[PDB]
>>> print(open('final-v2.pdb').read())   # PDB, C-alpha atoms and all ligand atoms
MODEL        1
ATOM      1  CA  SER G 325       6.571   2.769  14.161  1.00  0.00           C
ATOM      2  CA  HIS G 326       9.193   3.686  11.558  1.00  0.00           C
ATOM      3  CA  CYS G 327      11.841   1.835   9.550  1.00  0.00           C
ATOM      4  CA  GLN G 328      14.309   0.025  11.812  1.00  0.00           C
ATOM      5  CA  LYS G 329      16.301  -3.131  12.519  1.00  0.00           C
ATOM      6  CA  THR G 330      14.477  -5.838  14.486  1.00  0.00           C
ATOM      7  CA  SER G 331      15.458  -9.358  15.481  1.00  0.00           C
ATOM      8  CA  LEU G 332      15.166 -12.265  13.058  1.00  0.00           C
ATOM      9  CA  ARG G 333      16.679 -15.577  14.114  1.00  0.00           C
ATOM     10  CA  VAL G 334      17.101 -17.906  11.121  1.00  0.00           C
ATOM     11  CA  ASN G 335      17.348 -21.780  11.290  1.00  0.00           C
ATOM     12  CA  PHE G 336      19.176 -23.152   8.203  1.00  0.00           C
ATOM     13  CA  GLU G 337      17.207 -26.413   8.335  1.00  0.00           C
ATOM     14  CA  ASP G 338      13.971 -24.399   8.176  1.00  0.00           C
ATOM     15  CA  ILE G 339      15.129 -22.795   4.901  1.00  0.00           C
ATOM     16  CA  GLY G 340      16.630 -25.976   3.405  1.00  0.00           C
ATOM     17  CA  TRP G 341      20.304 -24.967   3.786  1.00  0.00           C
ATOM     18  CA  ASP G 342      21.272 -27.585   6.397  1.00  0.00           C
ATOM     19  CA  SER G 343      22.121 -29.787   3.411  1.00  0.00           C
ATOM     20  CA  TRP G 344      25.317 -27.738   2.974  1.00  0.00           C
ATOM     21  CA  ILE G 345      25.739 -25.639   6.141  1.00  0.00           C
ATOM     22  CA  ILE G 346      27.005 -27.843   8.983  1.00  0.00           C
ATOM     23  CA  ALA G 347      27.246 -25.034  11.531  1.00  0.00           C
ATOM     24  CA  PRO G 348      25.916 -22.920  12.965  1.00  0.00           C
ATOM     25  CA  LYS G 349      22.380 -24.335  13.188  1.00  0.00           C
ATOM     26  CA  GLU G 350      20.848 -20.867  13.651  1.00  0.00           C
ATOM     27  CA  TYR G 351      21.926 -17.235  13.408  1.00  0.00           C
ATOM     28  CA  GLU G 352      20.688 -13.682  13.946  1.00  0.00           C
ATOM     29  CA  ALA G 353      19.950 -12.314  10.468  1.00  0.00           C
ATOM     30  CA  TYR G 354      17.862  -9.372  11.678  1.00  0.00           C
ATOM     31  CA  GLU G 355      15.243  -7.752   9.458  1.00  0.00           C
ATOM     32  CA  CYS G 356      14.081  -4.260   8.513  1.00  0.00           C
ATOM     33  CA  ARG G 357      10.534  -3.435   9.590  1.00  0.00           C
ATOM     34  CA  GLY G 358       8.358  -0.342   9.829  1.00  0.00           C
ATOM     35  CA  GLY G 359       6.746   2.254   7.687  1.00  0.00           C
ATOM     36  CA  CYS G 360       8.205   4.692   5.240  1.00  0.00           C
ATOM     37  CA  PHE G 361       5.668   7.521   5.738  1.00  0.00           C
ATOM     38  CA  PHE G 362       5.775  11.191   6.657  1.00  0.00           C
ATOM     39  CA  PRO G 363       6.995  12.491   8.904  1.00  0.00           C
ATOM     40  CA  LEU G 364      10.241  10.546   8.491  1.00  0.00           C
ATOM     41  CA  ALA G 365      12.730   9.671  11.224  1.00  0.00           C
ATOM     42  CA  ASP G 366      16.157  11.285  11.397  1.00  0.00           C
ATOM     43  CA  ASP G 367      18.159   8.197  10.356  1.00  0.00           C
ATOM     44  CA  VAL G 368      16.177   6.312   7.706  1.00  0.00           C
ATOM     45  CA  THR G 369      18.636   7.930   5.227  1.00  0.00           C
ATOM     46  CA  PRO G 370      15.909   8.366   2.586  1.00  0.00           C
ATOM     47  CA  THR G 371      16.920   8.775  -1.032  1.00  0.00           C
ATOM     48  CA  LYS G 372      15.145  11.497  -2.979  1.00  0.00           C
ATOM     49  CA  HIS G 373      13.376   8.796  -5.019  1.00  0.00           C
ATOM     50  CA  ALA G 374      11.941   7.222  -1.844  1.00  0.00           C
ATOM     51  CA  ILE G 375      10.661  10.646  -0.760  1.00  0.00           C
ATOM     52  CA  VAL G 376       9.102  11.397  -4.155  1.00  0.00           C
ATOM     53  CA  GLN G 377       7.511   7.966  -4.436  1.00  0.00           C
ATOM     54  CA  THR G 378       6.062   8.240  -0.922  1.00  0.00           C
ATOM     55  CA  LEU G 379       4.473  11.579  -1.851  1.00  0.00           C
ATOM     56  CA  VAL G 380       3.116  10.149  -5.107  1.00  0.00           C
ATOM     57  CA  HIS G 381       1.707   7.189  -3.164  1.00  0.00           C
ATOM     58  CA  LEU G 382      -0.142   9.606  -0.866  1.00  0.00           C
ATOM     59  CA  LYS G 383      -1.776  11.319  -3.840  1.00  0.00           C
ATOM     60  CA  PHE G 384      -2.395   8.103  -5.810  1.00  0.00           C
ATOM     61  CA  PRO G 385      -2.495   5.207  -3.283  1.00  0.00           C
ATOM     62  CA  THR G 386      -4.174   2.630  -5.558  1.00  0.00           C
ATOM     63  CA  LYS G 387      -1.662   3.135  -8.397  1.00  0.00           C
ATOM     64  CA  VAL G 388       1.729   3.763  -6.781  1.00  0.00           C
ATOM     65  CA  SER G 389       3.212   1.897  -3.836  1.00  0.00           C
ATOM     66  CA  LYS G 390       5.029   3.403  -0.891  1.00  0.00           C
ATOM     67  CA  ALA G 391       8.765   3.257  -0.386  1.00  0.00           C
ATOM     68  CA  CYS G 392      10.073   0.121   1.311  1.00  0.00           C
ATOM     69  CA  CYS G 393      11.980  -0.386   4.568  1.00  0.00           C
ATOM     70  CA  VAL G 394      14.942  -2.517   3.472  1.00  0.00           C
ATOM     71  CA  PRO G 395      18.529  -3.361   4.492  1.00  0.00           C
ATOM     72  CA  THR G 396      20.913  -0.673   3.255  1.00  0.00           C
ATOM     73  CA  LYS G 397      24.046  -2.294   4.698  1.00  0.00           C
ATOM     74  CA  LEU G 398      24.785  -5.981   5.342  1.00  0.00           C
ATOM     75  CA  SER G 399      27.403  -7.811   7.431  1.00  0.00           C
ATOM     76  CA  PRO G 400      29.039 -11.264   7.069  1.00  0.00           C
ATOM     77  CA  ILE G 401      28.854 -14.333   9.274  1.00  0.00           C
ATOM     78  CA  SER G 402      31.079 -17.399   9.387  1.00  0.00           C
ATOM     79  CA  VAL G 403      29.696 -20.732   8.222  1.00  0.00           C
ATOM     80  CA  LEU G 404      31.128 -24.249   8.342  1.00  0.00           C
ATOM     81  CA  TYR G 405      30.055 -25.802   5.040  1.00  0.00           C
ATOM     82  CA  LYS G 406      30.340 -29.090   3.142  1.00  0.00           C
ATOM     83  CA  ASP G 407      33.002 -29.003   0.410  1.00  0.00           C
ATOM     84  CA  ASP G 408      32.594 -30.827  -2.922  1.00  0.00           C
ATOM     85  CA  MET G 409      35.234 -33.190  -1.502  1.00  0.00           C
ATOM     86  CA  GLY G 410      32.770 -33.821   1.354  1.00  0.00           C
ATOM     87  CA  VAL G 411      34.943 -32.084   3.961  1.00  0.00           C
ATOM     88  CA  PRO G 412      33.863 -29.358   6.444  1.00  0.00           C
ATOM     89  CA  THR G 413      35.448 -26.053   5.405  1.00  0.00           C
ATOM     90  CA  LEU G 414      35.246 -22.660   7.122  1.00  0.00           C
ATOM     91  CA  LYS G 415      33.899 -19.736   5.113  1.00  0.00           C
ATOM     92  CA  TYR G 416      35.188 -16.967   7.342  1.00  0.00           C
ATOM     93  CA  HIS G 417      33.344 -13.993   5.820  1.00  0.00           C
ATOM     94  CA  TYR G 418      30.153 -15.264   4.172  1.00  0.00           C
ATOM     95  CA  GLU G 419      28.992 -11.860   2.969  1.00  0.00           C
ATOM     96  CA  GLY G 420      25.561 -10.269   3.040  1.00  0.00           C
ATOM     97  CA  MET G 421      23.971 -12.468   5.699  1.00  0.00           C
ATOM     98  CA  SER G 422      23.012 -10.055   8.495  1.00  0.00           C
ATOM     99  CA  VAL G 423      21.457  -6.567   8.554  1.00  0.00           C
ATOM    100  CA  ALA G 424      23.738  -3.742   9.701  1.00  0.00           C
ATOM    101  CA  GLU G 425      21.438  -0.838   8.759  1.00  0.00           C
ATOM    102  CA  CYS G 426      17.889  -0.246   7.484  1.00  0.00           C
ATOM    103  CA  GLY G 427      16.433   2.565   5.392  1.00  0.00           C
ATOM    104  CA  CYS G 428      13.588   3.627   3.112  1.00  0.00           C
ATOM    105  CA  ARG G 429      14.278   3.016  -0.589  1.00  0.00           C
TER
ATOM    106  CA  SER D 325       5.854 -10.845 -12.837  1.00  0.00           C
ATOM    107  CA  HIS D 326       9.218 -10.250 -11.155  1.00  0.00           C
ATOM    108  CA  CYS D 327      11.148  -7.243  -9.852  1.00  0.00           C
ATOM    109  CA  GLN D 328      11.737  -4.661 -12.584  1.00  0.00           C
ATOM    110  CA  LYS D 329      11.742  -1.000 -13.599  1.00  0.00           C
ATOM    111  CA  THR D 330       8.397   0.401 -14.771  1.00  0.00           C
ATOM    112  CA  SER D 331       7.303   3.892 -15.748  1.00  0.00           C
ATOM    113  CA  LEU D 332       6.393   6.496 -13.140  1.00  0.00           C
ATOM    114  CA  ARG D 333       5.824  10.047 -14.342  1.00  0.00           C
ATOM    115  CA  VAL D 334       5.944  12.512 -11.431  1.00  0.00           C
ATOM    116  CA  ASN D 335       4.304  16.035 -11.387  1.00  0.00           C
ATOM    117  CA  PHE D 336       6.074  18.316  -8.854  1.00  0.00           C
ATOM    118  CA  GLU D 337       2.869  20.270  -8.189  1.00  0.00           C
ATOM    119  CA  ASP D 338       1.135  17.000  -7.265  1.00  0.00           C
ATOM    120  CA  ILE D 339       3.779  16.356  -4.575  1.00  0.00           C
ATOM    121  CA  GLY D 340       3.984  19.969  -3.342  1.00  0.00           C
ATOM    122  CA  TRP D 341       7.428  20.757  -4.818  1.00  0.00           C
ATOM    123  CA  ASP D 342       6.284  23.331  -7.402  1.00  0.00           C
ATOM    124  CA  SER D 343       6.819  25.883  -4.629  1.00  0.00           C
ATOM    125  CA  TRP D 344      10.575  25.590  -5.263  1.00  0.00           C
ATOM    126  CA  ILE D 345      11.008  23.708  -8.562  1.00  0.00           C
ATOM    127  CA  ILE D 346      10.241  26.038 -11.481  1.00  0.00           C
ATOM    128  CA  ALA D 347      11.028  23.488 -14.187  1.00  0.00           C
ATOM    129  CA  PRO D 348      10.488  20.902 -15.333  1.00  0.00           C
ATOM    130  CA  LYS D 349       6.801  20.492 -14.444  1.00  0.00           C
ATOM    131  CA  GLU D 350       6.995  16.686 -14.700  1.00  0.00           C
ATOM    132  CA  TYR D 351       9.656  13.999 -15.034  1.00  0.00           C
ATOM    133  CA  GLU D 352      10.116  10.249 -15.452  1.00  0.00           C
ATOM    134  CA  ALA D 353      11.117   8.948 -12.014  1.00  0.00           C
ATOM    135  CA  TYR D 354      10.390   5.294 -12.790  1.00  0.00           C
ATOM    136  CA  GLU D 355       9.573   2.806 -10.042  1.00  0.00           C
ATOM    137  CA  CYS D 356      10.488  -0.748  -9.058  1.00  0.00           C
ATOM    138  CA  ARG D 357       7.591  -3.201  -9.143  1.00  0.00           C
ATOM    139  CA  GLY D 358       7.134  -6.959  -8.977  1.00  0.00           C
ATOM    140  CA  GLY D 359       7.595  -9.847  -6.658  1.00  0.00           C
ATOM    141  CA  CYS D 360      10.645 -11.145  -4.905  1.00  0.00           C
ATOM    142  CA  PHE D 361       9.690 -14.857  -4.865  1.00  0.00           C
ATOM    143  CA  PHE D 362      11.224 -18.112  -6.037  1.00  0.00           C
ATOM    144  CA  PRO D 363      12.216 -18.853  -8.624  1.00  0.00           C
ATOM    145  CA  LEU D 364      14.152 -15.599  -9.009  1.00  0.00           C
ATOM    146  CA  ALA D 365      15.060 -13.865 -12.265  1.00  0.00           C
ATOM    147  CA  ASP D 366      18.636 -13.710 -13.516  1.00  0.00           C
ATOM    148  CA  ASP D 367      19.176  -9.980 -12.867  1.00  0.00           C
ATOM    149  CA  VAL D 368      17.388  -9.048  -9.636  1.00  0.00           C
ATOM    150  CA  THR D 369      20.904  -9.156  -8.077  1.00  0.00           C
ATOM    151  CA  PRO D 370      19.567 -10.619  -4.810  1.00  0.00           C
ATOM    152  CA  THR D 371      21.629 -10.251  -1.666  1.00  0.00           C
ATOM    153  CA  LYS D 372      21.956 -13.339   0.504  1.00  0.00           C
ATOM    154  CA  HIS D 373      19.794 -11.631   3.149  1.00  0.00           C
ATOM    155  CA  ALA D 374      16.960 -11.136   0.631  1.00  0.00           C
ATOM    156  CA  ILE D 375      17.170 -14.830  -0.287  1.00  0.00           C
ATOM    157  CA  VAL D 376      17.172 -15.975   3.347  1.00  0.00           C
ATOM    158  CA  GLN D 377      14.323 -13.666   4.312  1.00  0.00           C
ATOM    159  CA  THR D 378      12.239 -14.831   1.341  1.00  0.00           C
ATOM    160  CA  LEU D 379      12.720 -18.451   2.441  1.00  0.00           C
ATOM    161  CA  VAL D 380      11.839 -17.586   6.041  1.00  0.00           C
ATOM    162  CA  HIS D 381       8.732 -15.767   4.794  1.00  0.00           C
ATOM    163  CA  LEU D 382       7.653 -18.924   2.947  1.00  0.00           C
ATOM    164  CA  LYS D 383       7.920 -20.982   6.132  1.00  0.00           C
ATOM    165  CA  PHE D 384       6.464 -18.290   8.420  1.00  0.00           C
ATOM    166  CA  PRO D 385       4.319 -15.961   6.240  1.00  0.00           C
ATOM    167  CA  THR D 386       2.357 -14.304   9.075  1.00  0.00           C
ATOM    168  CA  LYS D 387       5.503 -13.380  11.043  1.00  0.00           C
ATOM    169  CA  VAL D 388       8.182 -12.474   8.492  1.00  0.00           C
ATOM    170  CA  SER D 389       7.727 -10.349   5.389  1.00  0.00           C
ATOM    171  CA  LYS D 390       9.117 -11.045   1.950  1.00  0.00           C
ATOM    172  CA  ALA D 391      12.040  -9.216   0.420  1.00  0.00           C
ATOM    173  CA  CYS D 392      11.201  -5.962  -1.349  1.00  0.00           C
ATOM    174  CA  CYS D 393      11.643  -4.862  -4.968  1.00  0.00           C
ATOM    175  CA  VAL D 394      13.448  -1.526  -4.605  1.00  0.00           C
ATOM    176  CA  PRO D 395      15.777   0.812  -6.537  1.00  0.00           C
ATOM    177  CA  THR D 396      19.376  -0.364  -6.221  1.00  0.00           C
ATOM    178  CA  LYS D 397      20.843   2.420  -8.371  1.00  0.00           C
ATOM    179  CA  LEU D 398      19.568   5.971  -8.933  1.00  0.00           C
ATOM    180  CA  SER D 399      20.322   8.653 -11.542  1.00  0.00           C
ATOM    181  CA  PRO D 400      20.193  12.487 -11.411  1.00  0.00           C
ATOM    182  CA  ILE D 401      17.988  14.952 -13.248  1.00  0.00           C
ATOM    183  CA  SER D 402      18.399  18.683 -13.767  1.00  0.00           C
ATOM    184  CA  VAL D 403      16.019  21.066 -12.023  1.00  0.00           C
ATOM    185  CA  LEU D 404      15.552  24.827 -12.291  1.00  0.00           C
ATOM    186  CA  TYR D 405      14.866  25.935  -8.719  1.00  0.00           C
ATOM    187  CA  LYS D 406      14.115  29.105  -6.749  1.00  0.00           C
ATOM    188  CA  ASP D 407      17.162  30.461  -4.896  1.00  0.00           C
ATOM    189  CA  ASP D 408      16.916  32.120  -1.463  1.00  0.00           C
ATOM    190  CA  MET D 409      17.631  35.330  -3.400  1.00  0.00           C
ATOM    191  CA  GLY D 410      14.462  34.538  -5.388  1.00  0.00           C
ATOM    192  CA  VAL D 411      16.353  33.828  -8.621  1.00  0.00           C
ATOM    193  CA  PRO D 412      16.010  30.743 -10.885  1.00  0.00           C
ATOM    194  CA  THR D 413      19.171  28.637 -10.577  1.00  0.00           C
ATOM    195  CA  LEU D 414      20.091  25.425 -12.404  1.00  0.00           C
ATOM    196  CA  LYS D 415      20.889  22.362 -10.311  1.00  0.00           C
ATOM    197  CA  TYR D 416      22.625  20.358 -13.006  1.00  0.00           C
ATOM    198  CA  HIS D 417      22.891  16.985 -11.240  1.00  0.00           C
ATOM    199  CA  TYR D 418      20.090  16.742  -8.670  1.00  0.00           C
ATOM    200  CA  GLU D 419      21.038  13.284  -7.434  1.00  0.00           C
ATOM    201  CA  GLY D 420      18.878  10.281  -6.644  1.00  0.00           C
ATOM    202  CA  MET D 421      15.770  11.292  -8.580  1.00  0.00           C
ATOM    203  CA  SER D 422      15.294   8.518 -11.155  1.00  0.00           C
ATOM    204  CA  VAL D 423      15.593   4.712 -11.021  1.00  0.00           C
ATOM    205  CA  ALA D 424      18.496   3.197 -12.966  1.00  0.00           C
ATOM    206  CA  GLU D 425      18.182  -0.368 -11.621  1.00  0.00           C
ATOM    207  CA  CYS D 426      15.840  -2.448  -9.439  1.00  0.00           C
ATOM    208  CA  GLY D 427      16.517  -5.456  -7.227  1.00  0.00           C
ATOM    209  CA  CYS D 428      15.269  -7.552  -4.317  1.00  0.00           C
ATOM    210  CA  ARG D 429      16.612  -6.427  -0.930  1.00  0.00           C
TER
HETATM  211 CL    CL M 501       9.757  14.548   6.995  1.00  0.00          CL
HETATM  212 CL    CL M 502      19.433  10.465  -2.802  1.00  0.00          CL
HETATM  213 CL    CL M 503      36.073 -15.446   3.733  1.00  0.00          CL
HETATM  214 CL    CL M 504      39.451 -10.503   9.245  1.00  0.00          CL
HETATM  215 CL    CL M 505      30.705 -14.545   0.366  1.00  0.00          CL
HETATM  216 CL    CL M 506      16.028 -19.249  -7.728  1.00  0.00          CL
HETATM  217 CL    CL M 507      25.024 -10.449  -0.805  1.00  0.00          CL
HETATM  218 CL    CL M 508      25.096  19.685  -9.913  1.00  0.00          CL
HETATM  219 CL    CL M 509      28.667  16.497 -16.494  1.00  0.00          CL
HETATM  220 CL    CL M 510      21.964  16.636  -5.237  1.00  0.00          CL
HETATM  221 NA    NA M 511      18.050  -5.005  17.112  1.00  0.00          NA
HETATM  222 NA    NA M 512      14.063 -20.073  10.652  1.00  0.00          NA
HETATM  223 NA    NA M 513      -5.400   6.242  -6.641  1.00  0.00          NA
HETATM  224 NA    NA M 514      38.562 -10.833  11.392  1.00  0.00          NA
HETATM  225 NA    NA M 515      11.038   1.138 -18.353  1.00  0.00          NA
HETATM  226 NA    NA M 516       2.521  13.047  -9.968  1.00  0.00          NA
HETATM  227 NA    NA M 517       3.313 -17.984  10.200  1.00  0.00          NA
HETATM  228 NA    NA M 518      27.160  16.222 -18.273  1.00  0.00          NA
ENDMDL
END
>>> encode(input="final-v2.pdb", output="structure tokens")
Amino acid sequence: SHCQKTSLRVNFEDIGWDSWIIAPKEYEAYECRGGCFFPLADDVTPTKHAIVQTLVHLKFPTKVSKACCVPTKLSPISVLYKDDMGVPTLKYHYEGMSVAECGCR
Amino acid sequence: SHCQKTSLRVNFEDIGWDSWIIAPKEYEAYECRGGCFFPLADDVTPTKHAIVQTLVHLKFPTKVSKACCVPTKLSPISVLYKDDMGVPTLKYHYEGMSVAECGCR
């Protein structure tokens, strides 16, 4: 039940972006889900700060929060978008749209 | 009430590291606290994925979690630690120990 990449299919209409994104209608964004708690998994690539904070959280759970399972690497997708001239234009690498890797931070 | 760096003073004894860290006894680790919710602040440097996920969370709050306020840059501290030869040694830049910057991820 540890920090990992899971599916997350996003509809641009649902998030109000269909005003400018023509296509695609949906994409696989993924998400990072799971706990950052001891014992850790081999590949959650935990920073020292995440480790320290997790230990502090254990000792003081009402005052300090645990580390968070977040994207640590993102990948691009292509989008067809409306130009200011009102013309569909391809944005070939629209960066930061999809999770490549997750970790505790 | 947005994502930012706040104080977090860590005692190494409290987290079980006084077995190997001789000094210092405590340090300022900081932590990242606050919400990742619209409207965003100017300097939470949000990735596109964090923005998309936050919007999906709004539409589907029981199924998708919000973005997380995490460290996006860390700084070193110096520690005096016990060597395998049982001798105090300085580790001048012990990396990743203190928060330099926070953001939504
Ligand atoms: Cl562990
Ligand atoms: Cl680190
Ligand atoms: Cl491009
Ligand atoms: Cl290419
Ligand atoms: Cl881009
Ligand atoms: Cl905003
Ligand atoms: Cl981005
Ligand atoms: Cl060093
Ligand atoms: Cl130096
Ligand atoms: Cl180091
Ligand atoms: Na997957
Ligand atoms: Na959606
Ligand atoms: Na507490
Ligand atoms: Na290519
Ligand atoms: Na501060
Ligand atoms: Na402490
Ligand atoms: Na829901
Ligand atoms: Na120096």
>>> atom_distance(input="final-v2.pdb", atom1="atom CA of residue G:341", atom2="atom CA of residue G:429")
29.0 Å
>>> atom_distance(input="final-v2.pdb", atom1="atom CL of ligand CL 507 (chain M)", atom2="atom CA of residue D:357")
20.6 Å
>>> residues_near_ligand(input="final-v2.pdb", ligand="ligand NA 516 (chain M)", cutoff="12 Å", atoms="all atoms listed in the file", output="PyMOL selection string")
(chain G and resi 376-385+387-388) or (chain D and resi 331-342+349-354)
>>> resolve_selection(input="final-v2.pdb", expression="the PyMOL selection byres (((chain G and resi 373) around 7) and not hetatm)", output="list in words")
residues 371, 372, 374, 375, 376 and 377 of chain G; 420, 421 and 422 of chain D
>>> closest_residue(input="final-v2.pdb", among="G:396, G:343, G:402, G:328", to="chain D", atoms="all atoms listed in the file")
G:396
>>> closest_residue(input="final-v2.pdb", among="G:326, G:426, G:389, G:394", to="residue G:361", atoms="only C-alpha atoms")
G:326
>>> closest_residue(input="final-v2.pdb", among="G:370, G:363, G:358, G:412", to="residue G:329", atoms="all atoms listed in the file")
G:358
>>> decode(input="final-v2.pdb", residues="stretch 333-391 of chain D", atoms="C-alpha atoms", output="mmCIF file, in the first residue's frame")
data_model
loop_
_atom_site.group_PDB
_atom_site.id
_atom_site.type_symbol
_atom_site.label_atom_id
_atom_site.label_comp_id
_atom_site.auth_asym_id
_atom_site.auth_seq_id
_atom_site.Cartn_x
_atom_site.Cartn_y
_atom_site.Cartn_z
ATOM 1 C CA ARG D 333 13.019 22.052 14.497
ATOM 2 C CA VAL D 334 14.149 18.407 14.536
ATOM 3 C CA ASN D 335 15.843 16.599 17.529
ATOM 4 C CA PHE D 336 17.911 13.604 16.303
ATOM 5 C CA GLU D 337 17.320 11.708 19.556
ATOM 6 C CA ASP D 338 13.561 12.067 19.016
ATOM 7 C CA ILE D 339 13.881 10.331 15.622
ATOM 8 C CA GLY D 340 16.399 7.689 16.758
ATOM 9 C CA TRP D 341 19.436 9.144 14.937
ATOM 10 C CA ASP D 342 21.435 10.157 18.035
ATOM 11 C CA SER D 343 22.914 6.655 17.834
ATOM 12 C CA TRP D 344 25.081 7.878 14.934
ATOM 13 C CA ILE D 345 24.826 11.691 14.880
ATOM 14 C CA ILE D 346 26.955 13.161 17.681
ATOM 15 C CA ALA D 347 26.238 16.789 16.807
ATOM 16 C CA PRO D 348 24.277 18.859 16.402
ATOM 17 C CA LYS D 349 21.547 17.726 18.813
ATOM 18 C CA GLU D 350 18.845 19.641 16.910
ATOM 19 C CA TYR D 351 18.467 21.486 13.613
ATOM 20 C CA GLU D 352 16.009 23.558 11.585
ATOM 21 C CA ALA D 353 14.654 21.212 8.906
ATOM 22 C CA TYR D 354 11.670 23.391 7.999
ATOM 23 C CA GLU D 355 8.536 21.918 6.444
ATOM 24 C CA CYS D 356 6.105 22.724 3.637
ATOM 25 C CA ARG D 357 2.561 23.459 4.786
ATOM 26 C CA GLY D 358 -0.605 24.885 3.270
ATOM 27 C CA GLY D 359 -3.170 24.149 0.661
ATOM 28 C CA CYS D 360 -2.847 23.588 -3.032
ATOM 29 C CA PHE D 361 -6.237 25.036 -4.083
ATOM 30 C CA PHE D 362 -7.476 27.715 -6.453
ATOM 31 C CA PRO D 363 -6.734 30.477 -6.659
ATOM 32 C CA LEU D 364 -3.018 29.675 -6.484
ATOM 33 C CA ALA D 365 -0.261 31.941 -5.181
ATOM 34 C CA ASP D 366 2.312 33.491 -7.496
ATOM 35 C CA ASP D 367 5.278 31.364 -6.357
ATOM 36 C CA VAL D 368 4.033 27.833 -5.660
ATOM 37 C CA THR D 369 5.588 26.992 -9.077
ATOM 38 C CA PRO D 370 2.781 24.537 -9.911
ATOM 39 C CA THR D 371 3.398 21.874 -12.519
ATOM 40 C CA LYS D 372 0.644 21.338 -15.064
ATOM 41 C CA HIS D 373 -0.070 17.937 -13.481
ATOM 42 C CA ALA D 374 -0.663 19.558 -10.069
ATOM 43 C CA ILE D 375 -3.085 22.015 -11.690
ATOM 44 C CA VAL D 376 -4.965 19.284 -13.569
ATOM 45 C CA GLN D 377 -5.160 17.017 -10.536
ATOM 46 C CA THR D 378 -6.444 19.871 -8.360
ATOM 47 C CA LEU D 379 -9.213 20.540 -10.896
ATOM 48 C CA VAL D 380 -10.079 16.838 -11.087
ATOM 49 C CA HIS D 381 -10.182 16.713 -7.280
ATOM 50 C CA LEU D 382 -12.698 19.579 -7.277
ATOM 51 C CA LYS D 383 -14.988 17.684 -9.646
ATOM 52 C CA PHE D 384 -14.441 14.270 -8.017
ATOM 53 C CA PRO D 385 -13.331 14.889 -4.389
ATOM 54 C CA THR D 386 -14.018 11.369 -3.059
ATOM 55 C CA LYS D 387 -12.012 9.662 -5.831
ATOM 56 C CA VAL D 388 -9.037 11.914 -6.595
ATOM 57 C CA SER D 389 -6.829 13.680 -4.074
ATOM 58 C CA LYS D 390 -5.580 17.236 -4.265
ATOM 59 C CA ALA D 391 -2.045 18.212 -5.148
#
